[PDB]
Amino acid sequence: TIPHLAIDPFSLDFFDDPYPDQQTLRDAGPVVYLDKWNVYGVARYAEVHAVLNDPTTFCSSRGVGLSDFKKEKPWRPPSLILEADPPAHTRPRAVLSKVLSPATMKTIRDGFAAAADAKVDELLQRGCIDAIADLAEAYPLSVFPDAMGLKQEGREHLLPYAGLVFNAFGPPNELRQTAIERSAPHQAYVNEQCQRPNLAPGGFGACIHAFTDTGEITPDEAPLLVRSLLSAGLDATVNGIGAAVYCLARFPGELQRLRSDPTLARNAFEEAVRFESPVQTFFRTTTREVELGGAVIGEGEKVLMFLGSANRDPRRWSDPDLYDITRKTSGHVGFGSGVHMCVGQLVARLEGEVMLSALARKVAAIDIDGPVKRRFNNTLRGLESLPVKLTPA
Ligand code: HEM
Ligand SMILES: CC(C)c1ccc(C(=O)O)cc1
Ligand SMILES: [Cl-]
């Protein structure tokens with residue numbers, strides 16, 4: 001009753017161009033079986049949203065990668081928030097929601113905005129840049145480690161470690177096994193930086209440790225939550241900002257609209273998150289048989305959610321393949337949905353908003369003037385290199 005497909009969503013051909021295969025996945029039915037990896041797949045908005053919003057049945061505590069923690073050893077101790085179910089999830093979630101809350105945003109906004117304005121001014125001084133290395137990477141590297149209160153030495157481990165983490169959500173293909181078998185120095189750095197004495201007061205990390213006396217988390221849990229922020233807080237925004245620049249380069253009319261009204265910057269970033277979905281896919285594991293779109297899924301089965309496909313599903317979105325910075329984007333699943341919905345989403349939106357605002361106010365044109373090169377990751381979508389020429393306003 002469930003169609004079986006041989007599409008490999010973790011192959012280089014898929015990463016190079018996933019949209020045709022994503023349509024095939026959506027149009028085959030509400031639930032498919034992926035013979036390549038023996039998992040169920042859901043690619044339509046309705047089913048992705050339903051799965052995300054039933055975390056008891058489609059749980060996270062058995063891993064959100066292909067591996068089932070009840071069958072295999074986790075490559076690292078499980079995340080206490082990403083890879084936990086309620087009620088164990090609830091208190092760490094509350095701590096991270098309070099660390100990365102509105103008030104903390106007000107405390108970091110001026111530095112983030114100044115850094116974004118300064119970056120755009122510098123890049124306009126460069127004229128010809130790599131929008132990845134020189135912008136999408138450089139800006140978050142210039143503000144997020146400070147906001148975490150990391151020392152200067154070793155911050156070079158953050159992006160490699162993140163790539164590993166996201167590769168490790170994939171199947172045991174070359175990307176995953178490559179990341180995990182040689183990984184140890186990055187793990188050593190991250191774990192060391194998670195300890196209270198190495199995290200400067202006033203930063204996100206030290207605030208996590210500071211919540212360890214409120215009764216929400218214990219001292220032994222705080223390092224692992226800092227590890228969550230060091231895993232998730234940099235690379236996702238790098239590919240999101242890269243996505244937004246790529247969209248504005250490919251849709252010059254939308255750049256002109258954004259320049260004319262820079263207050264669209266936040267929505268312009270949000271629509272980029274919808275349009276490219278930096279985080280493409282995540283798994284759940286069924287804790288019971290669950291009829292989903294008329295299809296039966298067994299106990300203990302992995303279910304692959306195609307977030308990007310849900311964000312391009314024509315059943316839900318008008319002109320899904322257009323980048324529209326005045327689109328009503330609310331309801332997209334690029335940040336997830338439900339109890340695990342991105343707890344860092346305000347940081348991501350702040351970085352994206354202030355950077356797109358800086359471009360809107362300072363840049364007249366973004367023209368691609370070189371080969372665009374894609375970065376391959378089992379979970380992340382984004383570019384390796386995006387050479388552009390920036391014309392000043
Ligand atoms: C463009 C930027 C970002 C994107 C697209 C993104 C995407 C996502 C998605 C799809 C989820 C849901 C995972 C799931 O349901 O299993 C998630 C959760 C999470 N994100 Fe982000 N994220 C971004 C930025 C950030 C930042 C900047 C931080 C921290 C500083 C962060 C930290 C987290 C954490 C800790 C979770 C787990 C929350 C939970 O399990 O309750 N993310 N993110
Ligand atoms: C959703 C993604 C950005 C993410 C990755 C790792 C963790 C963690 O280590 O807790 C959380 C979220
Ligand atoms: Cl680790």
# chains A, B, ... in the order shown; residues from 1 in each chain; ligands from 1
>>> residues_around(residues="residue 276 in chain A", least_positions_apart="5", cutoff="12 Å", atoms="only C-alpha atoms", output="PyMOL selection string")
chain A and resi 15+17-19+236+239-247+269-271+281+307-312+320-323+332-335+380-383
>>> residues_near_ligand(ligand="ligand 1", cutoff="8 Å", atoms="only C-alpha atoms and all ligand atoms", output="ChimeraX atom specification")
/A:52,60,64,81-84,89,93,96,100,144,225,228-241,273,277-284,307,333-349,352
>>> select_by_dssp(residues="range 48-243 of chain A", states="helix (DSSP H, G or I)", output="ChimeraX atom specification")
/A:48-52,90-99,102-126,132-148,155-168,174-181,184-193,196-198,204-213,222-232,235-243
>>> select_by_dssp(residues="range 153-385 of chain A", states="strand (DSSP E or B)", output="number ranges by chain")
A: 279, 281-286, 292, 295, 302-306, 363-368, 373-376, 380-385
>>> write_last_selection(atoms="N, CA, C and O atoms", output="compact mmCIF listing (two decimals), in the first residue's frame")
# COMPACT_ATOMS: atom_id res chain seq x y z
N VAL A 279 18.53 23.33 7.11
CA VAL A 279 18.37 22.00 7.68
C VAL A 279 17.29 21.29 6.86
O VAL A 279 16.10 21.59 6.97
N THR A 281 16.62 17.75 6.46
CA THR A 281 15.99 16.50 6.85
C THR A 281 16.27 16.15 8.30
O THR A 281 17.33 16.48 8.84
N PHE A 282 15.29 15.50 8.93
CA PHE A 282 15.50 14.96 10.26
C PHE A 282 14.69 13.68 10.39
O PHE A 282 13.68 13.50 9.72
N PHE A 283 15.12 12.81 11.30
CA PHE A 283 14.40 11.58 11.56
C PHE A 283 13.63 11.66 12.87
O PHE A 283 13.94 12.44 13.78
N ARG A 284 12.62 10.80 12.95
CA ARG A 284 11.99 10.40 14.19
C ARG A 284 11.98 8.88 14.21
O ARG A 284 12.27 8.22 13.21
N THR A 285 11.65 8.30 15.37
CA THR A 285 11.51 6.86 15.49
C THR A 285 10.13 6.62 16.07
O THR A 285 9.76 7.25 17.07
N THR A 286 9.37 5.72 15.47
CA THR A 286 8.03 5.47 15.96
C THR A 286 8.04 4.70 17.26
O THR A 286 8.80 3.75 17.44
N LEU A 292 -0.68 7.01 9.14
CA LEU A 292 -0.31 8.34 8.69
C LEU A 292 -0.62 8.39 7.21
O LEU A 292 -0.09 7.59 6.43
N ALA A 295 -1.43 5.22 5.66
CA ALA A 295 -0.34 4.25 5.65
C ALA A 295 0.04 3.81 7.05
O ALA A 295 0.05 4.61 7.99
N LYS A 302 12.23 4.08 11.62
CA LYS A 302 12.72 5.43 11.38
C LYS A 302 11.86 6.10 10.33
O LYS A 302 11.49 5.49 9.32
N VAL A 303 11.52 7.37 10.58
CA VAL A 303 10.71 8.16 9.67
C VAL A 303 11.52 9.41 9.33
O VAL A 303 11.84 10.21 10.21
N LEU A 304 11.82 9.57 8.05
CA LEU A 304 12.59 10.69 7.55
C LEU A 304 11.65 11.80 7.10
O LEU A 304 10.83 11.60 6.20
N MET A 305 11.78 12.96 7.73
CA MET A 305 11.02 14.14 7.37
C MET A 305 11.88 14.99 6.44
O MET A 305 13.04 15.30 6.77
N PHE A 306 11.28 15.38 5.31
CA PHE A 306 11.93 16.24 4.32
C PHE A 306 11.41 17.66 4.56
O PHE A 306 10.40 18.08 3.99
N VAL A 363 24.10 48.20 0.00
CA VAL A 363 24.47 47.52 -1.24
C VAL A 363 23.43 47.80 -2.31
O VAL A 363 22.22 47.71 -2.05
N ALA A 364 23.90 48.13 -3.51
CA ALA A 364 23.01 48.37 -4.64
C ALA A 364 22.81 47.13 -5.48
O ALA A 364 21.74 46.95 -6.07
N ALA A 365 23.82 46.26 -5.56
CA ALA A 365 23.69 45.10 -6.44
C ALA A 365 24.57 43.96 -5.95
O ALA A 365 25.64 44.19 -5.39
N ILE A 366 24.08 42.74 -6.13
CA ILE A 366 24.85 41.54 -5.85
C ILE A 366 24.81 40.71 -7.13
O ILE A 366 23.75 40.18 -7.48
N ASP A 367 25.94 40.60 -7.81
CA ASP A 367 26.00 39.87 -9.07
C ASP A 367 26.95 38.69 -8.94
O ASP A 367 28.10 38.87 -8.53
N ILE A 368 26.48 37.50 -9.29
CA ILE A 368 27.36 36.34 -9.29
C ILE A 368 28.37 36.52 -10.41
O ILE A 368 28.01 36.82 -11.56
N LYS A 373 29.73 26.89 -5.90
CA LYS A 373 30.11 25.55 -5.48
C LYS A 373 29.31 25.19 -4.25
O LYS A 373 29.28 25.95 -3.27
N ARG A 374 28.71 24.00 -4.28
CA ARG A 374 27.86 23.52 -3.22
C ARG A 374 28.66 22.78 -2.16
O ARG A 374 29.67 22.13 -2.45
N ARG A 375 28.20 22.88 -0.92
CA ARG A 375 28.80 22.17 0.20
C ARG A 375 27.89 20.98 0.49
O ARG A 375 26.68 21.14 0.69
N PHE A 376 28.48 19.79 0.53
CA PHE A 376 27.72 18.56 0.71
C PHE A 376 27.73 18.13 2.17
O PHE A 376 28.80 18.03 2.78
N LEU A 380 22.68 19.21 6.13
CA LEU A 380 22.71 20.63 5.80
C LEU A 380 22.76 20.89 4.31
O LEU A 380 23.46 20.22 3.55
N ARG A 381 22.00 21.90 3.89
CA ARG A 381 22.00 22.43 2.53
C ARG A 381 22.62 23.81 2.55
O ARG A 381 22.25 24.66 3.36
N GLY A 382 23.57 24.03 1.65
CA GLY A 382 24.19 25.32 1.50
C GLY A 382 25.34 25.23 0.52
O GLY A 382 25.63 24.17 -0.03
N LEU A 383 25.99 26.36 0.33
CA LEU A 383 27.05 26.48 -0.65
C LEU A 383 28.42 26.47 0.01
O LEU A 383 28.59 26.88 1.16
N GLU A 384 29.41 25.99 -0.75
CA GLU A 384 30.80 26.08 -0.33
C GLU A 384 31.39 27.43 -0.73
O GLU A 384 32.14 28.03 0.04
N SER A 385 31.05 27.90 -1.92
CA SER A 385 31.62 29.13 -2.45
C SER A 385 30.57 29.83 -3.29
O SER A 385 29.91 29.20 -4.12
>>> closest_atom_pairs(of="chain A", to="ligand 3", cutoff="9 Å", atoms="only C-alpha atoms and all ligand atoms", output="CSV")
residue,atom,partner,partner_atom_place_in_ligand_line,distance
A:75,CA,ligand 3,1 (Cl),8.1
A:76,CA,ligand 3,1 (Cl),5.5
A:77,CA,ligand 3,1 (Cl),7.5
A:161,CA,ligand 3,1 (Cl),8.0
A:165,CA,ligand 3,1 (Cl),8.5
A:183,CA,ligand 3,1 (Cl),8.4
A:184,CA,ligand 3,1 (Cl),7.7
A:186,CA,ligand 3,1 (Cl),7.1
A:187,CA,ligand 3,1 (Cl),3.8
A:188,CA,ligand 3,1 (Cl),6.9
A:189,CA,ligand 3,1 (Cl),8.3
A:190,CA,ligand 3,1 (Cl),6.3
A:191,CA,ligand 3,1 (Cl),6.1
A:227,CA,ligand 3,1 (Cl),7.7
>>> atom_distance(atom1="CA of residue 80 in chain A", atom2="CA of residue 8 in chain A")
29.6 Å
>>> atom_distance(atom1="CA of residue 275 in chain A", atom2="CA of residue 58 in chain A")
25.4 Å
>>> closest_residue(among="A:179, A:265, A:129, A:226", to="residue 195 in chain A", atoms="only C-alpha atoms")
A:226
>>> atom_distance(atom1="CA of residue 113 in chain A", atom2="CA of residue 94 in chain A")
26.7 Å
>>> closest_residue(among="A:296, A:162, A:95, A:390", to="residue 209 in chain A", atoms="only C-alpha atoms")
A:95
>>> closest_residue(among="A:142, A:23, A:256, A:79", to="ligand 2", atoms="only C-alpha atoms and all ligand atoms")
A:79
>>> closest_residue(among="A:43, A:354, A:258, A:222", to="residue 139 in chain A", atoms="only C-alpha atoms")
A:354
>>> residues_around(residues="residue 387 in chain A", least_positions_apart="5", cutoff="9 Å", atoms="only C-alpha atoms", output="list in words")
residues 128, 129, 130, 131, 132, 367, 368, 369, 370, 371 and 372 of chain A
>>> residues_around(residues="residue 180 in chain A", least_positions_apart="2", cutoff="8 Å", atoms="only C-alpha atoms", output="PyMOL selection string")
chain A and resi 75+164+168+176-178+182-183
>>> closest_residue(among="A:122, A:221, A:16, A:254", to="ligand 2", atoms="only C-alpha atoms and all ligand atoms")
A:221
>>> residues_around(residues="residue 35 in chain A", least_positions_apart="6", cutoff="8 Å", atoms="only C-alpha atoms", output="PyMOL selection string")
chain A and resi 4-6
>>> residues_around(residues="residue 28 in chain A", least_positions_apart="3", cutoff="7 Å", atoms="only C-alpha atoms", output="list in words")
residues 3, 24 and 25 of chain A
>>> write_last_selection(atoms="C-alpha atoms", output="compact mmCIF listing (two decimals), in the first residue's frame")
# COMPACT_ATOMS: atom_id res chain seq x y z
CA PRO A 3 5.10 2.92 -2.48
CA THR A 24 8.75 12.56 -6.83
CA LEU A 25 8.70 11.85 -3.10
>>> closest_residue(among="A:223, A:185, A:149, A:111", to="ligand 2", atoms="only C-alpha atoms and all ligand atoms")
A:223
